[PDB]
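In what follows, a structure is listed as structure tokens, so that the remarks can point back to it.
Please note: Cβ atoms are built from the backbone with ideal geometry, for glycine as well, and neighbour counts cover all protein chains shown. Please treat every number below as a calculation from the coordinates, not as lab data.
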4 protein chains.
Amino acid sequence: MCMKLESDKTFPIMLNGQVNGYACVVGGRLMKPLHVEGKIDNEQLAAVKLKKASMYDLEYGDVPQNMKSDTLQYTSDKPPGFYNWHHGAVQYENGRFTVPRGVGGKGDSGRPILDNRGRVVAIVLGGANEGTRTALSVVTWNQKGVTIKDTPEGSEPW
Amino acid sequence: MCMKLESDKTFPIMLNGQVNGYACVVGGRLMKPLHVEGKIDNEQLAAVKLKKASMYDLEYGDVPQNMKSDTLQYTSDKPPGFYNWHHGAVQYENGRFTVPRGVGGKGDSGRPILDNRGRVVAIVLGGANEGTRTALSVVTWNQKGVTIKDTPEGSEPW
Amino acid sequence: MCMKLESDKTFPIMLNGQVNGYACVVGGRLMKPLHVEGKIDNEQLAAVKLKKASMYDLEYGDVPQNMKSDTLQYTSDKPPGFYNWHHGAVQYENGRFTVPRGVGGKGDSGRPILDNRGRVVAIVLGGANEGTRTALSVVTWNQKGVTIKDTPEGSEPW
Amino acid sequence: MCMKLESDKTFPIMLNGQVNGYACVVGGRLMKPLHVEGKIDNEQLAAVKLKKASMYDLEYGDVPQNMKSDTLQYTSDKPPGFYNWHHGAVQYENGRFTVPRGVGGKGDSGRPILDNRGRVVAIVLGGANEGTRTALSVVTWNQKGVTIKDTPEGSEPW
């Protein structure tokens with residue numbers, strides 16, 4: 001469903017032995033979290049220059065020679081309820097994302113959140129424990145279309 | 001229906017003798033009426049510092065970790081029609097909330113008013129007897145999402 | 001008959017370790033033993049002031065607003081013998097109270113004795129010890145209606 | 001199996017909103033960890049005065065009346081492996097207590113490891129994920145029977 005579109009499209013961040021985060025291409029732009037250290041695979045886009053965003057906890061750069069294809073696409077249209085994920089289902093309510101407790105941790109701090117049509121609405125960065133379902137510190141796009149970072153209080157980077 | 005959803009979300013307040021008004025938790029925020037005195041039953045949120053909002057007759061505060069299973073999402077979208085309720089059914093004809101004649105009484109002045117899909121649109125404070133189908137004063141949200149009061153006539157605050 | 005009627009009428013006293021006595025609501029007044037120590041349950045009824053009658057080994061006070069359905073009227077009329085009781089049956093032969101040996105004991109100081117019509121007739125505070133029929137030191141009401149203290153020799157209060 | 005066996009003996013420790021650890025009744029001793037902060041439940045086993053250890057990261061005391069039910073015999077007679085547990089089965093291969101991946105989180109820092117005959121063998125404190133399979137820092141009893149600590153490298157309390 002969602003994993004068949006995310007696979008071979010979202011690229012791991014190797015810390016020389018284990019994955020630390022994930023890097024994703026949206027709109028022809030490669031981006032990966034700033035707090036995640038390591039080297040991304042495949043030589044065709046591992047040498048891309050990334051510039052810091054600091055406030056968004058992201059580093060973004062343009063992937064070359066394949067911007068026409070292999071684009072996840074992004075959309076600000078976010079009707080609440082039942083968005084899919086590589087770890088199952090996340091729910092949208094009151095301007096905030098919720099995931100079941102327990103799932104999520106280190107190594108999952110860069111995965112995108114897709115739609116029913118393979119469209120990205122989110123790039124997960126961190127999470128905060130909220131008792132029964134944990135919230136997600138995440139960059140999204142508001143109604144106008146500008147990137148905004150939503151952080152629940154006390155959110156570690158998973 | 002509404003009783004099942006409001007269970008384990010609506011926490012009554014006792015005056016150390018008996019219940020004198022419920023307290024609601026909406027949007028990750030506890031709020032109780034100003035005129036309701038006494039401590040609340042659930043001791044986890046009985047020790048939270050509560051800020052006065054005496055224009056709206058509510059003490060409000062932030063829940064510690066009950067963001068899910070006490071969310072009880074609110075929306076300002078209130079189409080005219082019928083809404084479910086703790087006791088019976090309420091209606092939003094002509095921009096006001098009216099209950100049947102005999103229902104409603106002292107000690108029952110914190111009850112939320114839910115939607116068809118279980119979204120709180122109203123918080124009951126008091127009410128007045130406008131013949132049959134008595135209206136009731138209530139804290140709601142306008143079109144822009146800003147909290148307002150609706151206090152019709154000489155509504156005795158129970 | 002006796003077990004159903006004494007339910008929600010005999011209010012246990014806790015010394016924060018265990019039940020150690022019963023406080024009884026009769027005639028529109030609460031009364032509990034002096035020699036029992038701890039905190040009465042039913043926090044509505046725990047907050048009332050109790051004044052001491054050291055002559056009858058009691059603390060008595062006015063009950064809260066629950067006038068109706070919580071009277072439990074007492075009877076000065078005492079036909080001899082065959083009275084029901086919480087732990088069994090008592091007897092009123094020769095103006096004294098006799099029980100089978102082995103009943104009662106520490107932690108059971110304050111349970112009432114009911115008549116055939118369910119009206120309370122006696123509230124025990126301790127007990128003597130005869131070989132077969134154990135005696136009970138008790139607060140009863142005289143044939144004129146004035147309260148009296150019937151205590152046999154060697155009444156262990158427990 | 002062990003879930004029913006250790007029930008009503010493994011008393012949880014409150015973080016004032018949830019459970020952050022477990023306490024054990026071993027040989028009349030109320031054993032709870034020191035890093036697990038908060039208030040222990042009940043009142044019979046909560047009002048006692050505990051004495052810190054700070055070398056084994058436990059705290060101990062005595063029960064006043066519960067000796068009839070304070071029945072959890074500790075035993076150092078320990079063949080290497082195949083021991084039950086609250087969650088699964090633990091293995092003592094190569095002189096080290098071992099568990100599969102993942103299981104064990106916050107709220108699970110104080111529960112005993114039982115024997116095949118319902119005897120307490122170990123009291124878990126923390127763990128580390130390294131080597132072939134993850135290992136546990138735990139307080140146990142050696143061959144001579146004196147209290148001993150076994151701790152891996154980088155064994156933070158989960």
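Listed values, structure above:
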quantity	calculated
Of all residues in the range C:43-74 being in a strand (DSSP E or B) and of a type in the set (F, W, Y), the one that is surrounded by the fewest Cβ atoms within 10 Å (Cβ to Cβ)	C:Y60
Single residue of the range A:114-158 satisfying the filter (away from every other protein chain (no Cβ under 14 Å) and among the polar types (S, T, N, Q)) that is nearest to the chain's Cα centre (by Cα)	A:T140
Of residues in the range D:92-139 being polar (S, T, N, Q), under 19 Å from D:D77 (Cα atoms) and out of contact with any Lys or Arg (no Cβ under 8 Å at 6 or more places or on another chain), the one surrounded by the most Cβ atoms within 10 Å (Cβ to Cβ)	D:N116
Test for D:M3: is it over 17 Å from the mean Cα position of the chain (by Cα) and not small (G, A, S)	no
Qualifying position, being closer than 22 Å to C:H35 by Cα and of a type in the set (S, T, N, Q), among C:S69, C:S54	C:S54
Single residue of the range A:79-90 satisfying the filter (out of contact with any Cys (no Cβ under 7 Å at 6 or more places or on another chain) and touching a residue at least 24 places away in the same chain (Cβ under 8 Å)) that is farthest from the other protein chains (Cβ to nearest Cβ)	A:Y83
Total residues in the range A:93-109, condition under 15 Å from the mean Cα position of the chain (by Cα), within 23 Å of D:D108 (Cα to Cα) and assigned to a loop (DSSP other than H, G, I, E, B)	3
Matching entry among D:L50, D:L30 (being closer than 30 Å to D:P100 by Cα and in contact with a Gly (Cβ under 7 Å, 6 or more places away or on another chain))	D:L30
So D:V36, is it part of a loop (DSSP other than H, G, I, E, B), in contact (Cβ under 8 Å) with a residue 60 or more places away in the chain and among the hydrophobic types (A, V, I, L, M, F, W, C)	yes
Number of positions in the range B:30-78 that are more than 10 Å from chain A (Cβ to nearest Cβ), polar (S, T, N, Q) and touching a strand residue (DSSP E or B) at 6+ places or on another chain (Cβ under 8 Å)	2
Subset tally (residues that are touching a residue at least 60 places away in the same chain (Cβ under 8 Å), closer than 21 Å to D:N20 by Cβ and in a loop (DSSP other than H, G, I, E, B)) for the range D:117-158	1
Hits in the range B:82-92 (condition: under 17 Å from B:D150 (Cβ atoms) and assigned to a loop (DSSP other than H, G, I, E, B))	B:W85, B:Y92
Residue tally, condition farther than 17 Å from D:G110 by Cβ and among the hydrophobic types (A, V, I, L, M, F, W, C), over the range D:56-92	3
Pick from the range D:1-11, criterion part of a loop (DSSP other than H, G, I, E, B) and under 27 Å from C:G38 (Cα atoms), ranking: nearest to the other protein chains (Cβ to nearest Cβ)	D:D8
Output for the range D:30-42, where each listed residue is surrounded by fewer than 18 Cβ atoms within 10 Å (Cβ to Cβ) and either farther than 20 Å from D:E6 by Cα or not polar (S, T, N, Q) (or both)	D:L34, D:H35, D:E37, D:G38, D:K39, D:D41
Among the residues listed as A:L30, A:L5, A:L45, the single one being in contact (Cβ under 8 Å) with a residue 40 or more places away in the chain and over 30 Å from B:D70 (Cα atoms)	A:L5
Residues satisfying the stated conditions in the range C:12-29, i.e. more than 14 Å from chain D (Cβ to nearest Cβ) and over 11 Å from the mean Cα position of the chain (by Cα)	C:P12, C:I13, C:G27, C:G28, C:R29
